[PDB]
Every structure is written in C-alpha cells, then in structure tokens.
Amino acid sequence: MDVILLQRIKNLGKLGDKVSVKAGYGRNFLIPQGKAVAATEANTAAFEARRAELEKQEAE
RNA sequence: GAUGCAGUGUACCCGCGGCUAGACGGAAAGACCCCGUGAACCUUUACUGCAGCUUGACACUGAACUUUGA
C-alpha cells in the first residue's frame with residue numbers, strides 16, 4: 001500500500017513523505033497507531049491543505 | 001416303472017373296525033447341479049473414484065539486524 005507518513009519513522013522518511021510499504025505493515029501498525037495515513041486523494045488534500053503546518057511544528 | 005392301452009385271469013351290490021405296499025400320495029414354481037452378458041454382502045499387491053492423513057506454492061503475513069550459496 002501507499003502511505004504518507006504523519007510523523008517521523010526511522011527508515012521510511014520524515015513528516016509527509018509518501019512511501020510504499022507491505023500491506024500488513026501499514027494495515028496493522030502504522031494506520032491504527034496514527035503513524036501514517038493512506039495516500040488517497042482526499043487524505044492528501046487533508047494533509048497538505050490545512051494540517052501540514054500543524055504536523056510540522058508538532059515535531060516532538 | 002400303467003386302475004384306464006393289448007392279451008388274459010379273477011370278480012354279485014354297499015358299509016364298519018384296522019393297515020400303509022401303490023396312487024412316481026399331500027406340503028413348499030429344488031436349497032444340490034447348470035444357465036442368465038441376474039442380485040446381494042465380504043476380501044485383495046483387480047479397475048476406477050472419494051473421505052481422511054500428508055508435501056510444497058500463493059493468501060491471511062509484519063519490523064529489525066546478520067551469516068552463507070550460484
């Protein structure tokens with residue numbers, strides 16, 4: 001699956017990078033625990049549109 | 001393998017008590033035997049399927065280090 005990282009991951013990328021991961025990884029660890037979001041068009045519109053700066057200065 | 005055919009012998013008409021030599025006596029479309037491109041159930045290294053058991057591939061199924069083969 002294709003995901004956009006909401007918050008920093010050790011090897012995937014940082015704060016909004018779009019990466020492809022194995023389906024189980026995203027389905028069972030990232031998405032339920034809020035560490036990423038699915039890379040759909042509406043979710044992208046949501047991510048860069050408004051809450052981008054909020055995720056940014058919530059660096060820690 | 002004859003009461004009923006041929007020849008011949010014997011024999012007046014009809015019961016009752018007994019008897020079982022015969023009526024290939026009665027009883028059950030022979031069970032033995034053979035046949036039908038009949039049946040059923042059982043067996044097996046007869047044939048062909050399937051359940052069960054088991055092998056690997058793909059899916060559910062992810063994250064990090066590492067070592068080694070052609």
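Every chain is numbered from 1, with letters handed out A, B, ... down the list of sequences.
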On a whole-Å scale, what distance lies between the P atoms belonging to B/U61 and B/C65?
23 Å
Span that lies between the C1' atom of B/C60 and that of B/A64, in whole angstrom:
22 Å
Mind checking if [N] and [M] stack, meaning centres of the six-membered rings less than 5.5 Å apart and planes less than 30° off?
N	M	result
B/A21	B/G22	yes
B/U43	B/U44	yes
B/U37	B/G38	no

Exam field: side chain A/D2 to backbone A/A39, donor-acceptor pair closer than 3.5 Å:
no
Test of understanding: clusters of I, L, V, M, F, W, Y form through side-chain heavy atoms closer than 4.5 Å, transitively. Do A/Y25 and A/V3 belong to the same one?
yes
Do A/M1 and A/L12 sit in the same hydrophobic cluster, where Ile, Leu, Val, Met, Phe, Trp and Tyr count as joined when their side-chain heavy atoms come under 4.5 Å apart?
yes
Greater than 12 external heavy atoms within 6.0 Å of A/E53's CD:
yes
For the residue pair [X] and [Y], what are the closest heavy atoms and their distance?
X	Y	answer
A/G26	A/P32	O-CD, 3.8 Å
A/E55	A/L5	OE2-O, 4.1 Å
A/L54	A/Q57	O-OE1, 2.5 Å

Tell me the stems RNA chain B sits in, counting at least three consecutive Watson-Crick or G-U wobble pairs, each under 3.5 Å on both distances.
none
What form does the base of B/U8 take, syn (within 90° of 0) or anti?
anti
Mind checking whether A/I4 and A/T44 have side chains closer than 4.5 Å, heavy atoms only?
yes
List, with names and distances, any nitrogen or oxygen atoms from the protein found under 3.5 Å away from nitrogen or oxygen atoms belonging to nucleotides 57-61 of chain B.
from	atom 1	to	atom 2	distance (Å)
B/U61	OP2	A/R27	NH1	3.0
B/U61	OP2	A/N28	ND2	3.3

